[PDB]
Amino acid sequence: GXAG
Amino acid sequence: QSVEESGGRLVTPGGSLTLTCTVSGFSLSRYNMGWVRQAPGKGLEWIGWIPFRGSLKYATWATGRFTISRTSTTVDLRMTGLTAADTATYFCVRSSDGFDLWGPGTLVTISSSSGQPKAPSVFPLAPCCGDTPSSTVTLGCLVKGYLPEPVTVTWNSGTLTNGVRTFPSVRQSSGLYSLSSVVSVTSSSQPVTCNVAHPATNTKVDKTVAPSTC
Amino acid sequence: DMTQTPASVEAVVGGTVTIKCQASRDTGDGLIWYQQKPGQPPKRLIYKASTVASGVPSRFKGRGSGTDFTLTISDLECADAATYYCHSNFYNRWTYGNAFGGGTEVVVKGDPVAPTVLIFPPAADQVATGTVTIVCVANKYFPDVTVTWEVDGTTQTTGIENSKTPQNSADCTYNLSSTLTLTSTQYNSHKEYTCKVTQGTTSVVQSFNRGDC
């Protein structure tokens with residue numbers, strides 16, 4: 001997550 | 001679910017300090033967490049982010065002086081080389097599509113003049129004898145000369161909340177703080193008593209405020 | 001980094017504002033808005049750029065994607081007066097100096113109201129300490145005021161500190177505490193203490209005579  | 005920080009205090013310049021975040025109502029193994037700070041009158045500053053799996057991430061200014069770690073029940077923030085630029089309110093946060101839970105914050109204070117903790121003086125605030133008596137009167141307390149923040153002020157042991165105005169503290173040039181609180185009351189609330197606490201010095205003062213006598 | 005504009009915006013009750021958040025690098029829908037009232041922790045309003053958090057009213061409308069986002073607050077209430085922050089959570093893609101924007105202050109404009117003003121002489125036990133603090137409070141006013149202190153008719157230029165409460169969540173008004181600090185010697189050497197609170201062409205003045213209290 002947290003990375004597009 | 002909630003989170004709570006602890007450990008804020010006055011720190012000598014160049015000193016170190018570890019803050020602790022304790023959680024309630026959820027599992028640290030299933031949630032990311034972080035730290036944010038906010039200097040008085042300034043914006044939120046992200047410090048770092050500890051995901052439930054994967055690498056820690058830090059703000060570029062925090063890298064190498066601040067570290068974040070976990071246990072099964074807590075997360076911490078270990079700070080080194082603190083200066084007055086680091087004086088702020090520090091928040092732990094639960095992170096889950098953004099910071100969904102915030103602590104109340106804990107205050108880290110570096111004294112430029114390297115002060116030591118100083119207890120407040122508390123003074124009653126009452127108007128002069130005004131020759132038209134009223135059913136309502138505004139009374140207050142002045143809390144002067146303390147270090148570090150915070151103090152807490154309640155009225156009548158927390159039972160009087162309506163009509164209370166507790167102003168933001170102000171920092172004097174000396175580095176000390178002061179704060180005032182006033183409340184508008186009818187007779188049913190009188191006599192009124194302001195309850196002042198300053199945890200850093202274990203101070204608790206109760207001041208009953210009377211309107212001037214005439 | 002994250003850039004918010006305007007730095008501040010004022011709008012009438014019932015009105016609408018749109019504030020802007022610009023990311024220098026693409027942050028997808030990884031964008032969160034928070035509301036922070038002075039003296040309180042922030043509250044998450046909107047996540048994934050447009051999903052309102054539970055309990056948040058639908059008149060908070062987050063929009064955008066990539067590098068440009070907006071928050072539109074319509075039907076403004078006094079309770080909406082606050083500073084709003086955007087936040088990128090792309091921690092596994094980008095490094096950050098700060099993951100937050102700098103904030104936008106939203107000032108909600110209600111009806112103008114002149115203050116009522118109170119002055120509090122120093123308590124009897126203050127003078128013994130060698131310093132005395134006189135307190136003037138301007139209650140329930142909008143828009144902002146300026147405070148002047150006079151001692152025997154002479155305007156004071158030092159020793160004054162002011163502190164203001166946030167806008168009231170019910171009627172948008174402010175309260176202000178202004179303190180004048182003097183040595184006991186200075187205080188005992190004058191008679192008339194006056195606080196004058198000015199709001200444009202209006203002034204409200206409150207005085208006391210050191211002999212009478």
# chains A, B, ... in the order shown; residues from 1 in each chain; ligands from 1
call {"tool": "closest_atom_pairs", "arguments": {"of": "chain B", "to": "chain C", "cutoff": "7 Å", "atoms": "only C-alpha atoms", "output": "Markdown table"}}
result
| residue | atom | partner | partner_atom | distance |
| --- | --- | --- | --- | --- |
| B:43 | CA | C:102 | CA | 5.7 |
| B:44 | CA | C:100 | CA | 6.6 |
| B:45 | CA | C:98 | CA | 5.9 |
| B:46 | CA | C:98 | CA | 5.4 |
| B:57 | CA | C:91 | CA | 6.7 |
| B:59 | CA | C:97 | CA | 5.1 |
| B:60 | CA | C:97 | CA | 5.0 |
| B:61 | CA | C:97 | CA | 6.5 |
| B:97 | CA | C:47 | CA | 6.2 |
| B:98 | CA | C:32 | CA | 6.0 |
| B:99 | CA | C:44 | CA | 6.7 |
| B:100 | CA | C:44 | CA | 5.8 |
| B:102 | CA | C:41 | CA | 6.7 |
| B:104 | CA | C:41 | CA | 6.2 |
| B:123 | CA | C:123 | CA | 6.3 |
| B:124 | CA | C:123 | CA | 6.1 |
| B:125 | CA | C:120 | CA | 5.7 |
| B:126 | CA | C:120 | CA | 5.6 |
| B:127 | CA | C:120 | CA | 4.9 |
| B:128 | CA | C:213 | CA | 5.5 |
| B:129 | CA | C:213 | CA | 6.9 |
| B:167 | CA | C:165 | CA | 5.8 |
| B:168 | CA | C:163 | CA | 6.0 |
| B:170 | CA | C:163 | CA | 6.9 |
call {"tool": "residues_around", "arguments": {"residues": "residue 198 (chain B)", "least_positions_apart": "5", "cutoff": "7 Å", "atoms": "only C-alpha atoms", "output": "list in words"}}
result
residues 119, 150, 151, 152, 203 and 204 of chain B
call {"tool": "residues_around", "arguments": {"residues": "residue 141 (chain C)", "least_positions_apart": "2", "cutoff": "8 Å", "atoms": "only C-alpha atoms", "output": "list in words"}}
result
residues 112, 113, 114, 115, 116, 138, 139, 143, 144, 173, 174 and 175 of chain C
call {"tool": "select_by_dssp", "arguments": {"residues": "chain B", "states": "strand (DSSP E or B)", "output": "VMD selection string"}}
result
chain B and resid 2 to 6 10 to 11 17 to 24 32 to 38 45 to 50 57 to 58 66 to 70 74 to 79 88 to 95 99 to 102 106 to 110 118 121 to 125 137 to 147 152 to 155 164 to 166 170 to 171 177 to 185 192 to 198 203 to 209
call {"tool": "atom_distance", "arguments": {"atom1": "CA of residue 176 (chain B)", "atom2": "CA of residue 91 (chain B)"}}
result
23.2 Å
call {"tool": "residues_around", "arguments": {"residues": "residue 199 (chain C)", "least_positions_apart": "2", "cutoff": "7 Å", "atoms": "only C-alpha atoms", "output": "ChimeraX atom specification"}}
result
/C:144-146,197,201-203
call {"tool": "write_last_selection", "arguments": {"atoms": "C-alpha atoms", "output": "compact mmCIF listing (two decimals), in the first residue's frame"}}
result
# COMPACT_ATOMS: atom_id res chain seq x y z
CA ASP C 144 -11.19 41.85 15.11
CA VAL C 145 -10.35 44.64 17.60
CA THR C 146 -7.27 46.57 18.62
CA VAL C 197 -10.98 48.40 22.61
CA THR C 201 -14.99 53.68 14.11
CA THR C 202 -16.30 52.19 17.40
CA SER C 203 -14.40 52.14 20.68
call {"tool": "residues_around", "arguments": {"residues": "region 78-80 of chain C", "least_positions_apart": "4", "cutoff": "7 Å", "atoms": "only C-alpha atoms", "output": "ChimeraX atom specification"}}
result
/C:13,108,168-172
